[PDB]
Amino acid sequence: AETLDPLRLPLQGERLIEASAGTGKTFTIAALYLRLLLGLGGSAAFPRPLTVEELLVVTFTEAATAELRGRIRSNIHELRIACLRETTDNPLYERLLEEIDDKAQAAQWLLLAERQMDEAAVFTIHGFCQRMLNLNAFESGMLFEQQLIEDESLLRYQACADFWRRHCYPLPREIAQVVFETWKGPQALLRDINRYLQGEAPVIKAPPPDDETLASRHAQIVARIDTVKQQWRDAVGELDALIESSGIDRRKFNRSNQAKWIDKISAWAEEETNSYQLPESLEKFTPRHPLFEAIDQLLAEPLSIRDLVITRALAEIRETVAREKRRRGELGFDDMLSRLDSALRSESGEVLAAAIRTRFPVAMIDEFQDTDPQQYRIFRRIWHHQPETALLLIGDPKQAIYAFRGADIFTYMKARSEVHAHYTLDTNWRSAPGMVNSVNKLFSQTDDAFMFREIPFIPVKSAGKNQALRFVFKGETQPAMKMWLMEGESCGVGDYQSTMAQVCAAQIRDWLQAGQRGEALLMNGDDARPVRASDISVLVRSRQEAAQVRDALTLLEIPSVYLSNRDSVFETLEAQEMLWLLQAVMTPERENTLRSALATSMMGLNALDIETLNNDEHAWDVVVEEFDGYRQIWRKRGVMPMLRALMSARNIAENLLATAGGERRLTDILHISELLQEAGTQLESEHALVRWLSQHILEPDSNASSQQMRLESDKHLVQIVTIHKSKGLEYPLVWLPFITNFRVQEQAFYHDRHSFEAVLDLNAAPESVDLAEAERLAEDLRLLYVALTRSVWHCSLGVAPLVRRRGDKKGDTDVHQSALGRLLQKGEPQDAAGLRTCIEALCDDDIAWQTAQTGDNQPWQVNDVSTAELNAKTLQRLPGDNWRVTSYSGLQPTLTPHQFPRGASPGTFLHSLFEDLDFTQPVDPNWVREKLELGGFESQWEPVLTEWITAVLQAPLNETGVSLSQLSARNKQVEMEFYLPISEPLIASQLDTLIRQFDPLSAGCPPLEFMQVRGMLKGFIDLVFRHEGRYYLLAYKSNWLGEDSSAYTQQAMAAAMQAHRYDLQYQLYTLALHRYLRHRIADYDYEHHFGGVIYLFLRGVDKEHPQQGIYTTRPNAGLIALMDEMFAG
Amino acid sequence: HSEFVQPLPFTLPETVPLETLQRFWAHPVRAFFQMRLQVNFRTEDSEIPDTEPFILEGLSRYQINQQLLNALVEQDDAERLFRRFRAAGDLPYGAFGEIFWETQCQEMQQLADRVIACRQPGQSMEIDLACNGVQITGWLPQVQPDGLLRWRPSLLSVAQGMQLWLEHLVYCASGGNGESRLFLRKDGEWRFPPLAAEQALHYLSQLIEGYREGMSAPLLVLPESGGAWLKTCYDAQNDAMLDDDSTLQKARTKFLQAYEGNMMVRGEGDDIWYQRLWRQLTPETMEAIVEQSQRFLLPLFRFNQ
DNA sequence: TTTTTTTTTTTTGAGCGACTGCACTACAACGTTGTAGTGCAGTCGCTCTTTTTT
């Protein structure tokens, strides 16, 4: 490999950047981004400068893409400032400024980059795949709009249930017994094949043929057993083998067991006594007959139906999932990768890749260790050897720890074998040089410590500015790596975990006890820093040992937070308490739910309080009354107002904050409240939110929003973080108590060392088990490197002679089967004394060891201090006056029109019919039929409806007898919308007396009550029409439910006007028309131009009665001026 | 937040039924919650599953095993009960339901070979007792002249042993010389020998004192974890509790195993009645539960054979 | 077409591998007996990761 310079990297063809742990990878990506933007390098430069919309940056984590985009934006702004000023404070920026000859054009390009940074092409893998599928949808064959699903386990379980229904149900008993012996149900099969159903489907070594069913395999195994049974029945009754000292004389009794074995062929599991009839075992303890050879041939391979069912499940379930998502039109995360791979797999889609070469003729791919083989197949399809495009694979083979998710280091080894150039970062800027020397001493004991030929380890170099980092104790300077060797010959797993957790808790309380007195310090040159609780971090691998560390640390009065906690908030007790509280609020009549909800830990009541509440009936009456008030707030204001009034009236937030350990409970309660308020806005029903909360309690599925957050950030806490969640982070002091714990992989799923493809061996072959255990050991070594390279000042390791075998004292330990023992014992099996000598052999100034001492003196010292005085501001006056823009509604034989259905919707339909119809043109019956078809009413009403409409239109409504047909299109104006201002507070008592002074219809009609309205008033006049130089207003009313006979006289219409309170609406209409005619026509007189107001009752118009149906009223011409003076000011 | 445990006034009534004592010694904290202050935490029922039951686990398997054990204790036709359970859909479809019914019939026949090996026809009798001025009225079902015979398709647990010990105390106090036997699954057996009336009345007065103590203060007697701690510390050979540090560590290990279970078995600490009192198991409350279990659950393992 | 009641929970781990005790024969030491090796059965530790992409 070669060293990497950011200003000397040739951006041509494919380049592979190997950025080690702790190196400035995020700085190098920004430097290469500035190099691609400005076009620097000279001979090794790009042929043309590229814009922001042509630079493609690929990083998997979305927060990493956001942080990288912000860092690139800050670097763009800093380089623009340094180019405008021709000076800088950074040496790499100094060389960047020295490489360019022109300053104005580079500054203009950086300004354009700063302006176009919003349209930057910095996306994720699946985001870039979705953008390429949506953009060039023709060559791929993708829908323009689709619905992404976050969880795919439900459809996968449905397809597995469909496979179990269509495969396991019609089987007979002799096959279903073996199917039940393999798996209990489809859930165990789904748990087996869940790592293979997602992502790329692997290649099965020696698959069954497509015509072989379960019955054919069962009959083949039955015939294979029956041949051995026939050969045992033919060769029975004889014994010619020599009697050995190991061979007991009871073996014929075992043969008698075989005499009890050959009864029927309905069974599947043979006897163990056939293991006594093996020629390889009888010779080691003389076999002449080939019956022993046939028995050994029968026991050579396992008689299992499991592989055929697994192959049929992998062929059927994925196809059913794809069929269901193609029918529903949904898409998944890996479905974008599969669609892009199938698009580039086609003939025309290669030209689509050329369009991608038209789109982005460059690629900088970060985190190449977490790369699926479909992703590398796509990147080889686009950017293999084409000119003018550059490929920069920035990654680290020593950090590939996501093999469970879908990543594969063999794809990275294939990529390293395909490319020619290799570049590495020599300088390490994170850790102290002692930790760097400890890592370079531990990992370079033997050659190829990562056990793969394509993953080489290099000695890294520390930083010059961080060469004085020292973690000092009270006694002397503490070394970098301190391998705490647990004393003993052989120990278990749980006892070793408990002792190392106690040793780690003792070290934490010793570093925190001496840290608060200025004894243990972190020193950078002359600067010193005390060690707080947030500096020490414990690196674990699973959740059980994390809970063990948390319990062993809270036993010594030390609070610890879990950063890797992905548990849902709906699975705790607080969700059940919120459900009980919502059930008590929704149903407060039954006292059982209210009594069960009041005694929860959220309310904080004692047993004596519950007893006195059950004894005193008046206190329970007050409780029921305030819970009914909470229900009224919940129905009128929402979820969060009810919860805030409950937390303010009961004062449970102050009680939870005063309680030690209740802050996490209060944050979980607030998060559950926020989720309930988010889910309650989309549901109009009140019980639907309670059912949704009960469903999310019963559904333990984890979303991005429904996880637990950090309880506090101000108080320093010991942070527990897993090895996968510690990638890219930084910790001062790191403790690794369970770095010696390993796990043996049972399933045979490996990768070929030549073709670099995934090979799944369903048979129990030991070669596939060893080839999978080699990849497991490589993954454990990568996890060991990731967990070791996060410490800055000090790392501590827990070494112990752990024996995975159940034997107590066998003379050998299994530390060589772990990742740490392969580097300590140099890949050789040794003992506890051998492990101790291997620890004591590599002893330097940075690497030391000590024994594990169990002991406790005192938990901690709180050293509390009094809180500062504070108060809350109070609003002196009202936030705003009563300003509201309202309307009139806010201030308040067989076919006949009498038999018409009375409602708001038929009234609006008749209003739309009178609005859309032209008054000059005659009414056409087919138009009325088309309008009734568009509205959806009955077709039989139409010939009565058109003659009723013509009878209404023929009837004149005026004091002179003017009909509606005499009004031209210029004279009419339908649905005039007006806004009326008012600056005075509208008092009802000062307005109703002024109305009653002039309006004769206000003899009865007691006044309505409405608040002071200051602002605008909306209104919609139905019709305004002029005739012979005189304006007229016309409104329509069409409810008329209570009349069927001819009783709609002027008295009944006046009673309807007094009851429905249309007098105020008509007076505001006259005021609006007066103001409009005053504003429009100059020299306007109210008596000369205005003529009157007409109300039209549609169901009251008769052919013989011209007065019935219409209602003409004219004001006294004195109320209008006083109302204008009142509304004006 | 003050502690939920408070000394409450409680007067012991004259007539205390046997069903109240059985509901108390089945779960003491639940009986303190749902009967003294009448607070019963009502949990919502589980949702309807999206698919047919392919396996049998939980309450449905226990009900099937209980009906199969009640059918095989009278030597009835198991195939008729198989057709009855298959006609309701509670069994899996096809051959898998037949396989499940065959293995459950094998297990229940293996249990019934021990159950009806010493079974005699017995009737339900009345119990009227007067202990320390407290009247106990109730009924005991299936009282055979050999003693007490109970069978349940469950595992070896301390709550069923406490129930059998309470039934043996309420049976031996009014006549009834004979043993009391309970047969569980996986060769589990609770046996108590016959005792005199004075020792039975003394232990019944001790249980009455524990009942009247459980109504005032929450009686912290964990059956499962306390019984595991006790049987780790008890020695039946010498009839004395050991005090060495190795037994004190193994009892703490068994208590932490029985309180908080694994990822497959729901432990005793995962309960709505215990999380209301404390959120984290403190060693002071652990020693209090240990002392209460040594005070109360000691005749369970003292007379066990 | 009218209308009645009702408050009790339960259950849930099993395969892999070792420790120890009893029986069974092979073979050498002193026909018979003691020691050693192997097979079967009752009893008991132990343990089952990590995660996010619009």
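Each value, and the rule that gives it
Residues numbered from 1 in each chain as written, not as in the entry; some residues may be left out. Chains lettered and ligands numbered in written order. Part of a larger assembly, values for the part shown. Heavy atoms only, no water. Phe/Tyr/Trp six-rings, centres within 6.5 Å; stacked < 30°, edge-to-face > 60°. Buried < 20%, exposed > 50% of the residue type's maximum accessible area, 1.4 Å probe, protein only. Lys NZ or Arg CZ within 6 Å of the ring centre and 35° of its normal. Pairing = 2+ DSSP bridges. Helix = DSSP H or I, 4+ residues; strand = E, 2+ residues; numbered from the N terminus. Axes fitted to C-alpha atoms, helices over the stretch in contact; angles between N-to-C directions. Parallel < 35°, antiparallel > 145°, perpendicular 65-115°, else oblique. Left-handed = near helix turned anticlockwise from the far one by under 90°. Contact = heavy atoms within 4.5 Å. Nonpolar A, V, L, I, M, F, W, Y, C, P; charged D, E, K, R; others polar.

- Determination of this PDB entry was carried out by cryo-EM to a resolution of 3.8 Å, according to the record.

1. As for the packing of aromatic side chains
Next, step 1: Within this structure, the stated rule accounts for 54 aromatic pairs over all chains.
Next, step 2: On the basis of an interplanar angle of 80° and a centroid distance of 5.7 Å, the ring pair of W164(A) and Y169(A) is categorised as edge-to-face.
Next, step 3: A relative accessible area of 3% places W164(A) in the buried class.
Next, step 4: Among the residues examined, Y169(A) registers a relative accessible area of 16% and is labelled buried.
Next, step 5: Pairwise contacts between aromatic rings join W580(A), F4(B), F32(B), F33(B), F41(B) and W273(B) into one cluster.
Next, step 6: The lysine or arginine in question, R131(A), covers the ring of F123(A), its NZ or CZ lying 3.8 Å from the ring centre.

2. Describing the sheet that holds strand β22 (residues 758-760) of chain A
All names here are of chain A.
Next, step 1: Read across the sheet, three strands follow the order β6-β22-β21 without closing on themselves; strand pairing throughout is mixed. Lying at the two open borders of the sheet, with one neighbouring strand each, are β6 (203-204) and β21 (749-751).
Next, step 2: Direction of pairing for β6 relative to β22: parallel, over a ladder of two bridges. Bridge pairing links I204 to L760 in β22.

3. Quick look at the packing of helix α8 (residues 223-233) of chain B against helix α9 (residues 245-259) of chain B
Residue and element names in this part refer to chain B.
Next, step 1: At a minimum axis separation of 8 Å, α8 and α9 run at an interaxial angle of 160°. Classed by the angle they form, the pair α8 and α9 counts as roughly antiparallel. The handedness of the crossing between α8 and α9 comes out as right-handed. Seen from α8, the contacting residues are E224, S225, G226, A228, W229, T232 and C233; seen from α9, they are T247, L248, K250, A251, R252, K254, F255, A258 and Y259.
Next, step 2: Grouping the amino acids of the contact of α8 with α9 by side-chain chemistry returns eight nonpolar, four polar and four charged.

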